[PDB]
């Protein structure tokens, strides 16, 4: 059983299974593969861990809502595969020849790549806020899985792409708990998640996680790395109170835009009640490009 949302990208279930496939990576959700169709079309084949996918009726209903979600800065979801076995729960999207933000930030020196300039960092940030603006305001659906590994950097336009959106919409409580736990471990969970036994990703949690991304863009540090002081967000928050915010900036980059980005990032990581709406954040990041 293979379902395609549009007639734009068409293939068989037997064509997908007999396609040259290579592992992209593994996560809390499951594993990602790159599949190359006969005509050159490249797809992302994301297998959800067994027990993570909701029952067929709910999953189909929820994923069709996600299938209609389209934005230039969001990677298109083309379909899904539902097989006779319990492990055969696959989400199918476009494949982008890119490098993720976390891979760029951590392994840029090892690779040929030059560090991201101050302008590129502002640009990535605007492309992400643009996408969340649309999700939050027009579709009223949270991403809920924001992390630097879900931000893709490509040479072609648009420079930044957001992937793996709204997965909590398709999962059992088991699936959702594993996602929240992993986001907590990586540092993307807001302070209100501590007060709940079973917290759910939301429009509010997205703005928090977006704040952590802005901090990774500004410092050049991955969110889950411990710092001698300890938390990335705590580091910046502790440095700010001690009048030492400038010291957080990546040594590979100070343009006023970085300070603008910092004031926005700090607003994003405040309590739910003081946390700005995503349109305000998008507009404020956008004013920095002028």
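Numbering follows the first chain given and starts at 1.
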Problem set entry | Extent of unmodelled deposited sequence, residue 242 relative to residue 241 | none
For this session: Count, per the entry, the deposited residues between residue 253 and residue 254 that are not modelled, and return the matching class: none, 1 to 3, 4 to 9, or 10 or more.
Result: 4 to 9
For this session: Could you settle it for me: does 122 to 130 or 168 to 176 have the higher average Cα B factor in the PDB entry?
Result: 168 to 176
For this session: Would you determine, from the values in the PDB entry, which of 22 to 30 and 242 to 250 has the greater average C-alpha temperature factor?
Result: 242 to 250
Seminar exercise, completed: The largest CA temperature factor among 48, 43, 264, 229 is found at 229
For this session: Select one of 78, 147, 85, 143: the residue whose C-alpha shows the highest B-factor in the crystal structure entry.
Result: 85
Seminar exercise, completed: residue 237: CA temperature factor from the record, placed by chain third, in the highest
Exercise. Which third, lowest, middle or highest, does the CA B-factor of residue 189 fall in along this chain?
Worked result: middle
For this session: State the tercile, meaning the lowest, middle or highest third, of residue 272 with respect to the CA B-factors recorded for its chain.
Result: middle
Exercise. For residue 108, does the deposited CA B-factor place it in the lowest, middle or highest third of the chain?
Worked result: highest
For this session: Compare the C-alpha B factor of residue 202 with those of the other modelled residues in its chain, then answer lowest, middle or highest third.
Result: lowest
